[PDB]
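Numbering (the deposited numbering), first residue to last: -1 to 103.
Ideal Cβ placement from N, Cα and C applies to all residues, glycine included.
Since the structure comes first, as structure tokens, the remarks are kept for the end.
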């Protein structure tokens, strides 16, 4: 498969969202929101590329859409580890609520 080969960005993403709260509150909440969002929450690359684009300083970064597009399945993996280091559940790590579970209807 193409997991490890694409995991090259996984690490960066993990630390990016983990330390993203250090650089600042704005970009922080956003980074984690988008990242963790498309990971478990209902989010799309485009949307994750929008807020981020206006969240991170400087002009659009090189390969944004195609970035998480091939790392989506790689980011949803580390999420299972975050919960262990967050003292919470892997699916509740981001949700942290009931109403925000499966409100399809």
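Candidates the options, of which the one nearest residue i by Cα
i: residue 80; options: 9, 65 and 49; result: 9
i: residue 98; options: 24, 40, 21 and 51; result: 40
i: residue 15; options: 95, 2, 85 and 66; result: 66
i: residue 0; options: 71, 32, 94 and 22; result: 71
i: residue 43; options: 21, 68 and 100; result: 68
Euclidean distance between Cα positions of residue i and residue j
i: residue 54; j: residue 82; result: 28 angstroms
i: residue 73; j: residue 37; result: 6 angstroms
i: residue 12; j: residue 19; result: 12 angstroms
i: residue 88; j: residue 34; result: 11 angstroms
i: residue 84; j: residue 93; result: 13 angstroms
i: residue 95; j: residue 86; result: 12 angstroms
i: residue 4; j: residue 63; result: 15 angstroms
i: residue 22; j: residue 45; result: 21 angstroms
Exposure label - residue i; buried when at least 16 CB within 10 Å
i: residue 104; result: There is no way to answer for residue 104, as the model of the chain reaches only from -1 to 103.
i: residue 78; result: exposed
Contact belief for residue i with residue j at Cβ below 8 angstroms, rounded distance in angstroms
i: residue 6; j: residue 32; result: Contact doesn't hold; Cβ gap of about 20 angstroms is too wide.
request  = Evaluate contact between the stretch 58 to 65 and the stretch 18 to 35, counting only Cβ atoms and requiring at least three cross-stretch pairs below 8 angstroms.
outcome  = no
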